[PDB]
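Colleague: pasting an experimental structure, sequence included:
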Amino acid sequence: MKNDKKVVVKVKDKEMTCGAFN
Amino acid sequence: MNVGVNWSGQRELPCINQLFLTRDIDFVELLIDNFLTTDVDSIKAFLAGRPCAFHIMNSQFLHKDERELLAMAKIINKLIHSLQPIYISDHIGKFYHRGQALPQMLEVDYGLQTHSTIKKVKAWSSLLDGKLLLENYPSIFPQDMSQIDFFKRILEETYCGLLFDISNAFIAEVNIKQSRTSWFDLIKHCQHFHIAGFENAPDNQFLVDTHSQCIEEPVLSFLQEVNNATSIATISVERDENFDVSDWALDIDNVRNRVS
Amino acid sequence: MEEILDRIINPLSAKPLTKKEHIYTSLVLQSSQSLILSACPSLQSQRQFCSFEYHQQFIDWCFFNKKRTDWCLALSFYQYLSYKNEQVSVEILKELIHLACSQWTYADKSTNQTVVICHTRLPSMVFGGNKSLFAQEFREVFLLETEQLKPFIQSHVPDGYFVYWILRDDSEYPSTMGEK
Ligand SMILES: [Fe+3]
Ligand SMILES: [Fe+3]
Ligand SMILES: [Fe+3]
């Protein structure tokens, strides 16, 4: 966007996968 | 038999890159609906000549009318045309209950309004460029209609086929006592397969389809039964957690050795 | 069964479940709590927010008020915390917005590349997420300090509400009214 003053941040998550959660 | 692996994102890329350097990976099954805004040439660069197949996780097509799916079918079909997957495939899954989104894909009620579900199968598959394969669910709870009888109707009344997940069917046998035997009539008309590891639920109440461990001996012995019963064109050795290259490579080795 | 499904979306009923059914419903519910806890370490500043029973109360409140439990779950969780507590640190708000933007890039199945999210508490901050655009590149969760949407958020967003926009890319600020 036009205030190109931006910070990229980490998020500890994960994409959709076929593997169920345990 | 082409032996491949699944690719759903970037977390596993270091591990896949290691697999590419130490093993023969004959094809890669993309979870294609995770790449819908991805530059296709960047995908081809990564594959470096290896063929691919498509697996669709979150169309959620049983929750939608045909018209809601048009936009997704358009993107997927462009990716089908550019990447020429060996097969395309989706799931029979439940993603909502009473309008609330579920945190996991749950098993469908096969016997409830079976004809409306067959109609959604026809509608979705008719919008995709190719024969849609549907994957069997790793049942946790029993119900009135067998998953086998459900898929028999899919294969008889629609243009769809079966993507047979060997460990999912093993999980259902353990969890709900669905004899693996019942799949062998359908298996004989299937050439594309999945196999993976799993984990025990707390207090060993059921097996969870985690794709996070190595394939256990009873599942490999089930694999050999499948190999005796039909033609295995392709099998994807799945992994979604614990991206240890040695464990994934051990699975790939064991799958190849078991059918030799 | 529909009783197992009911307890997944409406967990605080006392209707009995067998051990297997209870461990399954708890397992499914645990997955959405893990997503929140893994991605928002600031929640450890308030250990009461982190119990599984607190999560169950949160999901039950989401059922009674039909709050979204998809990629907007993290936003729903902030609204629950506001509904229950007199104050919540801005770092929890920020991490939950970051989580929602991340989860958007995994859940939205369109050609649109970008979500932008704002909240009334931070009128001079624009949060966003960009889907991966290249095979080996991660999805991008970003933050902008800007007054560009501050007039729109004080005049057109009631206090306590989030507002979000889906955009084809991240070249332009949203022009329109978004959702919520
Ligand atoms: Fe699958
Ligand atoms: Fe599978
Ligand atoms: Fe599986």
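Modeller: Received it, and whenever you're ready, just let me know what you need. Numbers count the residues shown, from 1 in each chain, chains lettered A, B, ... in the order given. Ligands and ions are numbered 1, 2, ... in the order given.
Colleague: tell me the spacing between residue C:145 and residue A:5.
Modeller: Distance, residue C:145 to residue A:5, using Cβ to Cβ, to the nearest Å: 6 Å. All C-beta spots, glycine's among them, are computed from the backbone N, C-alpha and C.
Colleague: for residue C:107, grab the count of nearby residues.
Modeller: Neighbours of residue C:107 under the rule other Cβ atoms under 10 Å in any protein chain shown: 16.
Colleague: residues in contact with the helix ranked longest in chain C?
Modeller: With secondary structure taken from DSSP state H, chain C has its longest helix at helix C:19-39. Applying Cβ atoms under 8 Å, 6 or more residues apart in numbering or on different chains, the set of residues contacting helix C:19-39 from outside is A:11-13, A:21-22, B:102-104, B:106, B:140-141, B:201-203, B:205-206, B:208, C:1, C:3-4, C:7-8, C:11, C:17, C:43, C:50, C:52, C:55-56, C:59, C:69, C:73-74, C:77, C:95-96, C:98-99, C:102-103.
Colleague: could you point out which element follows it?
Modeller: For helix C:19-39, the following helix or strand on the C-terminal side (DSSP states H and E) is helix C:52-64.
Colleague: quick check: angle from that following helix to helix C:19-39?
Modeller: Taking axes from the mean of the first three to the mean of the last three Cα atoms, to 10 degrees, one finds that helix C:52-64 is oriented at 100 degrees with respect to helix C:19-39.
Colleague: now the strands for chain C?
Modeller: Using DSSP state E, the strands assigned to chain C run over residues C:114-119, C:125-130, C:140-145, C:162-167.
Colleague: residues contacting the second one, please?
Modeller: In this case it means strand C:125-130. A:1, C:94, C:97-98, C:101-102, C:104-105, C:113-118, C:139-146, C:148-149, C:169-170, C:173.
Colleague: which of these are close to ligand 3?
Modeller: Among the contacts of strand C:125-130, not one lies near ligand 3 by Cβ under 5 Å from the ion.
Colleague: can you flag the buried ones in those?
Modeller: A:1, C:94, C:97-98, C:101-102, C:104-105, C:113-118, C:139-144, C:146, C:149, C:170, C:173 (16 or more other Cβ atoms under 10 Å in any protein chain shown).
Colleague: for the residue in chain A that chain B sits nearest to, list the residues it contacts.
Modeller: Going by Cβ to the nearest Cβ, chain B is nearest to residue A:19 of chain A, at 3.2 Å. Counting by Cβ under 8 Å, 6+ apart, residue A:19 touches B:196, B:209, B:210, B:211, B:212, B:238, B:239, B:240, B:241.
Colleague: ok, the last one touching residue B:208?
Modeller: In this case it means residue B:241. No. Residue B:241 is not in contact with residue B:208 according to Cβ atoms under 8 Å; the separation is 11.3 Å.
Colleague: which of the two has more neighbours?
Modeller: More crowded of residue B:241 and residue B:208, by other Cβ under 10 Å: residue B:208, with 23 against 18.
Colleague: give the burial count for residue B:75, as a bare number.
Modeller: Residue B:75: 17 neighbours (other Cβ under 10 Å).
Colleague: ok, and the closest non-adjacent residue to it?
Modeller: residue B:36 (4.9 Å; Cβ to Cβ, 6 or more residues apart in numbering or on different chains).
Colleague: same check, this time on residue C:97
Modeller: Residue C:97 sits nearest to residue C:127 (Cβ to Cβ, 6+ apart), 4.6 Å away.
Colleague: residues from chain A in reach of ligand 1?
Modeller: So chain A meets ligand 1 at residue A:18 (Cβ under 5 Å from the ion).
Colleague: show me what contacts residue 16?
Modeller: Picking chain A for this. B:8, B:31, B:33, B:34, B:57, B:58, C:106, C:107.
Colleague: out of those, which end up buried?
Modeller: Buried among the contacts of residue A:16 by 16+ other Cβ under 10 Å: B:8, B:31, B:33, B:34, B:57, B:58, C:106, C:107.
Colleague: quick one: the helices in the stretch 151-260 of chain B?
Modeller: B:166-176, B:184-187, B:217-229, B:245-259 (DSSP state H, counting those that start in this stretch).
Colleague: alright, that wraps it up for me.
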